[PDB]
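One structure below.
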Protein chains: 2
Amino acid sequence: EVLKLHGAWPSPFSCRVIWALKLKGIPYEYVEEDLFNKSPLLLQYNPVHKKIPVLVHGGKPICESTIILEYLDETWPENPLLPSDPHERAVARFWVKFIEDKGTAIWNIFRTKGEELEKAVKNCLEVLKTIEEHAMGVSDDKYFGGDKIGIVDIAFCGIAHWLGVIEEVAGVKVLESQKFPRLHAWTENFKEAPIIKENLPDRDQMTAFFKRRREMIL
Amino acid sequence: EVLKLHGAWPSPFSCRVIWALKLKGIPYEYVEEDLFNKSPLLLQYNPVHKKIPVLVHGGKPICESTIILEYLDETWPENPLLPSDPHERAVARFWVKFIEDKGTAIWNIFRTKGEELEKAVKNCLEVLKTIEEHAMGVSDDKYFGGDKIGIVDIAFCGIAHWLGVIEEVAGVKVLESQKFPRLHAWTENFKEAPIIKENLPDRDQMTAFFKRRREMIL
């Protein structure tokens, strides 16, 4: 069955799926989708939200990055992203949903100035604090998945890699190592992981790309 | 292992779990939680959102109604709420997430008047239209789960039962049978299902309860 991933190179959400595919070593064909002028296939595949990623297996589309990750686990069980224990799965699903629900708190820094910027920074700091204080282990593990990358690690990839770009692009500091030390350590450990590291879109290049987009929003 | 469900009787979210427990016939102890002055257990169990439902198994809490439903399926596989096929599970998960993301569109009618009410009715109609046009089967099935109740049926229970109360309480019409005929048929079939029917909180009583709460918000 032909497997195609429709994505966009600077999207954290598309990158989640790239990572998940690469951690399992599943072959796929990648398709870049323009987001200003959308393709007929994107609109056919995702009539409800019209967003990437879409994973298409045997011509059948699956929308939503988090839902795609679960589908990958069910169809290719080797190297699970989900914990095996049902209680632990439930807690991991909680943090995936949480970051889905709060993810705007990253992206609002990106597109605001002045006093609405000062407010977005405030909302973002509360999300980070909640993760720092409630989501991190009772354990000595590197990753939310233990000694290997799991679904919460992937779901938090925005925090690990995109927030720092967006901070620099908006001219603010948010995720400071001394404030969120456990989350900070995790970001460094995540990005230094094999497979993650080799598939991180270039920081400096994303920074220039988002710099351009921010100006042309302000 | 002792199983306790912390809930509130008029909550659609608590009722999801009641239904799921009852469809599988899992014994549990129910605990009503006040929502104005929250208990220390609720706050201990759900420090992040401080909301019901919480399911507590062997003293270990699980938050989020949708996540609880998945936990029930994994721990008591008899009478699955999830489709077995991974593609079909993925599509069901999509609509569960969708109603989670859009669920405010019910609850904003409940707490608005005048022109913000007229706007909430408009937002709600677009959600209903999206479901009517994209979520309903290519099939002759009664339920989103087929010939039996599944996770999408439960997730949509707000639409089936609470919206009609909230419409009447706010003095508006939204879900009109002639506009959303397939979704309308589904609401009637859902509510007439054994186990669902015997566990629907009383309409007239919810109506008076929410009437009271709306006044004391306006």
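Quick note on naming: the chains in the structure tokens go A, B, ... in the order shown, residues restart at 1 in each chain, and ligands are numbered from 1 in order of appearance.
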
For the interface of chain A with chain B (cut-off 7 Å, counting only C-alpha atoms), please tabulate each contacting residue of chain A alongside its nearest pair of atoms and their separation in Å to one decimal, rows sorted by chain and increasing number, as JSON lines.
```
{"residue": "A:62", "atom": "CA", "partner": "B:90", "partner_atom": "CA", "distance": 6.7}
{"residue": "A:67", "atom": "CA", "partner": "B:90", "partner_atom": "CA", "distance": 6.1}
{"residue": "A:71", "atom": "CA", "partner": "B:86", "partner_atom": "CA", "distance": 6.2}
{"residue": "A:74", "atom": "CA", "partner": "B:86", "partner_atom": "CA", "distance": 6.6}
{"residue": "A:75", "atom": "CA", "partner": "B:86", "partner_atom": "CA", "distance": 6.9}
{"residue": "A:86", "atom": "CA", "partner": "B:71", "partner_atom": "CA", "distance": 6.2}
{"residue": "A:90", "atom": "CA", "partner": "B:67", "partner_atom": "CA", "distance": 6.1}
{"residue": "A:93", "atom": "CA", "partner": "B:67", "partner_atom": "CA", "distance": 6.8}
```

Inset, instruction - From range 87-216 of chain B, collect each residue whose DSSP state is helix (DSSP H, G or I) and return the set as a ChimeraX atom specification. - result: /B:87-102,104-110,114-134,151-155,157-170,181-191,197-199,203-215

Legend entry - residue 218 in chain B surroundings by only C-alpha atoms, 8 Å radius, close-in-sequence under 5 positions cut, as a PyMOL selection string: chain B and resi 111-113

Residue selection dump (C-alpha atoms) as a CSV table (one decimal), in the first residue's frame:
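Written output follows (result24.csv):
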```csv
chain,number,residue,atom,x,y,z
B,111,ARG,CA,-24.7,32.0,28.5
B,112,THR,CA,-25.4,34.9,26.1
B,113,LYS,CA,-28.1,37.3,25.1
```

Each range 44-101 of chain A residue no farther than 7 Å from range 146-169 of chain A, nearest pair in Å, only C-alpha atoms, as JSON lines:
```
{"residue": "A:81", "atom": "CA", "partner": "A:150", "partner_atom": "CA", "distance": 4.1}
{"residue": "A:82", "atom": "CA", "partner": "A:151", "partner_atom": "CA", "distance": 5.8}
{"residue": "A:92", "atom": "CA", "partner": "A:152", "partner_atom": "CA", "distance": 6.0}
{"residue": "A:95", "atom": "CA", "partner": "A:152", "partner_atom": "CA", "distance": 6.5}
{"residue": "A:96", "atom": "CA", "partner": "A:152", "partner_atom": "CA", "distance": 5.8}
{"residue": "A:99", "atom": "CA", "partner": "A:156", "partner_atom": "CA", "distance": 7.0}
```

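Residue nearest residue 42 in chain A within the list A:190, A:56, A:174, A:106: A:56 [criterion: smallest interatomic distance, only C-alpha atoms].
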
Inset, instruction - Find the spatial neighbours of range 7-21 of chain A, counting only C-alpha atoms, within a cut-off of 6 Å - ignore same-chain residues fewer than 6 positions away - and output them as number ranges by chain. - result: A: 32-33, 52-53, 65, 154, 158

Legend entry - Pick from B:214, B:51, B:184, B:22 nearest to residue 109 in chain B, counting only C-alpha atoms: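 With only C-alpha atoms as the atom set, the closest residue is B:214.
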
Inset, instruction - List every residue of range 37-153 of chain B that DSSP, applied to the backbone, labels as strand (DSSP E or B), and write the result as an MDAnalysis selection string. - result: chainID B and resid 54:57 60:63 143 146

Atoms to include: N, CA, C and O atoms. Write the selected residues as a compact mmCIF listing (two decimals), in the first residue's frame.
```
# COMPACT_ATOMS: atom_id res chain seq x y z
N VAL B 54 -13.64 12.56 36.78
CA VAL B 54 -12.45 11.76 37.00
C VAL B 54 -12.87 10.34 37.33
O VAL B 54 -13.71 10.10 38.21
N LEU B 55 -12.24 9.43 36.62
CA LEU B 55 -12.32 8.00 36.95
C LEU B 55 -11.12 7.61 37.77
O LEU B 55 -9.97 7.86 37.36
N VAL B 56 -11.37 6.93 38.89
CA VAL B 56 -10.30 6.52 39.80
C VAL B 56 -10.34 5.02 39.97
O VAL B 56 -11.32 4.49 40.49
N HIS B 57 -9.31 4.35 39.47
CA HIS B 57 -9.17 2.90 39.57
C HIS B 57 -7.98 2.54 40.47
O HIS B 57 -6.86 3.03 40.28
N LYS B 60 -5.88 5.35 41.52
CA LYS B 60 -5.16 6.09 40.48
C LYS B 60 -6.17 6.77 39.56
O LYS B 60 -6.99 6.12 38.92
N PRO B 61 -6.11 8.10 39.51
CA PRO B 61 -7.04 8.92 38.74
C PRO B 61 -6.72 9.06 37.26
O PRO B 61 -5.56 9.28 36.88
N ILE B 62 -7.77 9.10 36.45
CA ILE B 62 -7.68 9.36 35.03
C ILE B 62 -8.66 10.48 34.69
O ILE B 62 -9.89 10.36 34.94
N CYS B 63 -8.12 11.56 34.13
CA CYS B 63 -8.89 12.75 33.77
C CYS B 63 -9.21 12.74 32.28
O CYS B 63 -8.46 12.15 31.52
N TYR B 143 -26.24 4.14 14.15
CA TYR B 143 -25.30 4.81 15.05
C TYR B 143 -23.97 5.06 14.35
O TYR B 143 -23.71 4.49 13.28
N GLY B 146 -22.20 1.87 14.17
CA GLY B 146 -22.77 0.78 13.35
C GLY B 146 -24.12 0.30 13.85
O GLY B 146 -25.03 1.10 14.05
```
